file data.cif (mmCIF, C-alpha atoms (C1' of nucleotides))
data_model
loop_
_atom_site.group_PDB
_atom_site.id
_atom_site.type_symbol
_atom_site.label_atom_id
_atom_site.label_comp_id
_atom_site.auth_asym_id
_atom_site.auth_seq_id
_atom_site.Cartn_x
_atom_site.Cartn_y
_atom_site.Cartn_z
ATOM 1 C CA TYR R 1 24.193 7.474 -9.251
ATOM 2 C CA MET R 2 27.816 6.461 -8.713
ATOM 3 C CA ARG R 3 29.120 9.514 -10.560
ATOM 4 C CA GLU R 4 26.889 11.989 -8.760
ATOM 5 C CA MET R 5 27.899 10.497 -5.412
ATOM 6 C CA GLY R 6 31.555 10.420 -6.428
ATOM 7 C CA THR R 7 31.748 14.146 -7.131
ATOM 8 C CA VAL R 8 31.245 14.912 -3.441
ATOM 9 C CA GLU R 9 34.224 14.341 -1.167
ATOM 10 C CA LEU R 10 34.377 12.653 2.217
ATOM 11 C CA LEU R 11 34.565 14.282 5.641
ATOM 12 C CA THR R 12 37.309 14.793 8.187
ATOM 13 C CA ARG R 13 36.587 13.853 11.789
ATOM 14 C CA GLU R 14 36.977 17.497 12.735
ATOM 15 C CA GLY R 15 34.893 18.123 9.624
ATOM 16 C CA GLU R 16 32.065 15.982 10.961
ATOM 17 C CA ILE R 17 32.384 17.756 14.300
ATOM 18 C CA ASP R 18 31.985 21.040 12.448
ATOM 19 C CA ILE R 19 28.843 19.799 10.711
ATOM 20 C CA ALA R 20 27.415 18.548 14.001
ATOM 21 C CA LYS R 21 28.026 21.913 15.630
ATOM 22 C CA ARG R 22 26.234 23.493 12.677
ATOM 23 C CA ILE R 23 23.245 21.232 13.271
ATOM 24 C CA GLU R 24 23.157 22.120 16.957
ATOM 25 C CA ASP R 25 23.283 25.783 15.970
ATOM 26 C CA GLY R 26 20.262 25.350 13.729
ATOM 27 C CA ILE R 27 18.253 23.385 16.275
ATOM 28 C CA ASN R 28 19.041 25.857 19.051
ATOM 29 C CA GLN R 29 18.087 28.770 16.805
ATOM 30 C CA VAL R 30 14.729 27.173 16.039
ATOM 31 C CA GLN R 31 14.158 26.341 19.710
ATOM 32 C CA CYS R 32 14.884 29.963 20.645
ATOM 33 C CA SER R 33 12.508 31.199 17.952
ATOM 34 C CA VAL R 34 9.899 28.866 19.441
ATOM 35 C CA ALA R 35 10.739 30.221 22.902
ATOM 36 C CA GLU R 36 9.858 33.788 21.909
ATOM 37 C CA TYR R 37 6.301 32.597 21.172
ATOM 38 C CA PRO R 38 3.806 32.617 24.076
ATOM 39 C CA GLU R 39 1.510 30.021 22.576
ATOM 40 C CA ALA R 40 4.589 27.813 22.389
ATOM 41 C CA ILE R 41 4.169 27.684 26.170
ATOM 42 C CA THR R 42 0.370 27.637 26.089
ATOM 43 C CA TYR R 43 0.240 24.498 23.938
ATOM 44 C CA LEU R 44 2.621 22.641 26.233
ATOM 45 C CA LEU R 45 0.594 23.710 29.275
ATOM 46 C CA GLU R 46 -2.620 22.484 27.652
ATOM 47 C CA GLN R 47 -0.992 19.195 26.644
ATOM 48 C CA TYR R 48 0.363 18.511 30.126
ATOM 49 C CA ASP R 49 -3.147 18.975 31.500
ATOM 50 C CA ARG R 50 -4.369 16.597 28.808
ATOM 51 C CA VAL R 51 -1.901 14.028 30.123
ATOM 52 C "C1'" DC B 1 -83.661 -34.925 0.919
ATOM 53 C "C1'" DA B 2 -82.492 -33.895 6.395
ATOM 54 C "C1'" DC B 3 -79.898 -35.346 10.395
ATOM 55 C "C1'" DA B 4 -75.814 -37.778 12.454
ATOM 56 C "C1'" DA B 5 -70.627 -38.632 12.659
ATOM 57 C "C1'" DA B 6 -65.193 -39.232 10.420
ATOM 58 C "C1'" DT B 7 -61.869 -36.166 8.034
ATOM 59 C "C1'" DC B 8 -59.749 -32.026 6.448
ATOM 60 C "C1'" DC B 9 -57.628 -26.592 7.725
ATOM 61 C "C1'" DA B 10 -56.488 -22.982 11.185
ATOM 62 C "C1'" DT B 11 -54.332 -20.888 16.160
ATOM 63 C "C1'" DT B 12 -51.786 -21.795 21.302
ATOM 64 C "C1'" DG B 13 -48.235 -23.003 23.000
ATOM 65 C "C1'" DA B 14 -44.252 -24.553 24.251
ATOM 66 C "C1'" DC B 15 -39.552 -26.163 23.033
ATOM 67 C "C1'" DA B 16 -35.174 -27.039 20.851
ATOM 68 C "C1'" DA B 17 -31.744 -25.704 17.448
ATOM 69 C "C1'" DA B 18 -29.335 -21.995 15.141
ATOM 70 C "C1'" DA B 19 -27.439 -17.947 14.122
ATOM 71 C "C1'" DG B 20 -25.836 -12.860 14.954
ATOM 72 C "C1'" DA B 21 -23.305 -10.629 18.332
ATOM 73 C "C1'" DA B 22 -20.211 -9.517 22.031
ATOM 74 C "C1'" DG B 23 -16.692 -9.938 25.021
ATOM 75 C "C1'" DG B 24 -12.620 -12.050 26.554
ATOM 76 C "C1'" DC B 25 -8.433 -14.103 24.760
ATOM 77 C "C1'" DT B 26 -4.298 -15.056 22.607
ATOM 78 C "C1'" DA B 27 -1.399 -15.523 18.635
ATOM 79 C "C1'" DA B 28 0.688 -12.415 15.642
ATOM 80 C "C1'" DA B 29 2.144 -8.377 13.327
ATOM 81 C "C1'" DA B 30 4.360 -4.045 13.342
ATOM 82 C "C1'" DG B 31 7.390 -0.363 15.606
ATOM 83 C "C1'" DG B 32 11.732 1.222 17.722
ATOM 84 C "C1'" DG B 33 16.313 1.187 19.223
ATOM 85 C "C1'" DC B 34 20.817 -0.422 19.164
ATOM 86 C "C1'" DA B 35 27.829 4.114 19.557
ATOM 87 C "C1'" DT B 36 35.947 0.345 18.660
ATOM 88 C "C1'" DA B 37 35.545 0.846 13.090
ATOM 89 C "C1'" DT B 38 32.957 -0.737 7.734
ATOM 90 C "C1'" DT B 39 33.550 4.354 2.608
ATOM 91 C "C1'" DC B 40 32.786 3.631 -6.136
ATOM 92 C "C1'" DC B 41 28.627 -2.425 -8.483
ATOM 93 C "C1'" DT B 42 29.680 -7.526 -11.964
ATOM 94 C "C1'" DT B 43 23.194 -13.850 -36.971
ATOM 95 C "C1'" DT B 44 22.399 -12.006 -40.821
ATOM 96 C "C1'" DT B 45 19.477 -8.811 -43.959
ATOM 97 C "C1'" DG B 46 17.229 -4.830 -44.688
ATOM 98 C "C1'" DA B 47 15.492 -0.243 -43.754
ATOM 99 C "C1'" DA B 48 15.646 4.244 -41.727
ATOM 100 C "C1'" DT B 49 17.997 7.744 -39.022
ATOM 101 C "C1'" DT B 50 21.882 10.229 -37.758
ATOM 102 C "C1'" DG B 51 26.167 11.973 -38.009
ATOM 103 C "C1'" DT B 52 30.009 12.679 -41.854
ATOM 104 C "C1'" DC B 53 32.224 14.088 -45.926
ATOM 105 C "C1'" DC B 54 31.631 16.194 -51.290
ATOM 106 C "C1'" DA B 55 29.870 18.962 -55.271
ATOM 107 C "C1'" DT B 56 29.045 23.165 -55.924
ATOM 108 C "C1'" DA B 57 27.246 27.685 -56.287
ATOM 109 C "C1'" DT B 58 27.806 31.966 -54.932
ATOM 110 C "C1'" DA B 59 30.102 36.084 -52.604
ATOM 111 C "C1'" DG B 60 34.045 38.779 -51.400
ATOM 112 C "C1'" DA B 61 38.954 39.903 -52.531
#
call {"tool": "encode", "arguments": {"input": "data.cif", "output": "structure tokens"}}
result
Amino acid sequence: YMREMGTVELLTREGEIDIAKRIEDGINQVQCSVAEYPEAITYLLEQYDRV
DNA sequence: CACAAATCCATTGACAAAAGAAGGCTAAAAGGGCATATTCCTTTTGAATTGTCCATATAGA
């Protein structure tokens, strides 16, 4: 385990910021893909009524 | 050998204890959420197999 974790190198602070921006990009892409789906709204409407 | 009485087995009935449940409770058990910065652990003996040279037989030059 120590070897396989030692091959990978650490991160720079700006590096971590880059990775975080990548994650936001992914999550926003998936939220937009959900947004182009009408039943994505229908399910939330039904659930609110349930509450 | 029949008729008169004391002694048995059965239901009425009620009555108290006991248990199966149900709810109301409370102790407890299990999640979840934490944002100055944390970067690589602490005795031999023998046999059988496996990896290492050696004899050697053959094939080209």
call {"tool": "resolve_selection", "arguments": {"input": "data.cif", "expression": "the PyMOL selection byres ((chain R) within 9 of (chain B))", "output": "PyMOL selection string"}}
result
chain R and resi 2-3+5-6+10
call {"tool": "atom_distance", "arguments": {"input": "data.cif", "atom1": "atom CA of residue 9 of chain R", "atom2": "atom CA of residue 22 of chain R"}}
result
18.4 Å
call {"tool": "atom_distance", "arguments": {"input": "data.cif", "atom1": "atom CA of residue 27 of chain R", "atom2": "atom CA of residue 14 of chain R"}}
result
19.9 Å
call {"tool": "axis_aligned_box", "arguments": {"input": "data.cif", "around": "segment 40-55 of chain B", "padding_each_side": "4 Å", "output": "JSON"}}
result
{"center_x": 24.1, "center_y": 2.6, "center_z": -30.7, "size_x": 25.3, "size_y": 40.8, "size_z": 57.1}
call {"tool": "atom_distance", "arguments": {"input": "data.cif", "atom1": "atom CA of residue 21 of chain R", "atom2": "atom CA of residue 37 of chain R"}}
result
24.8 Å
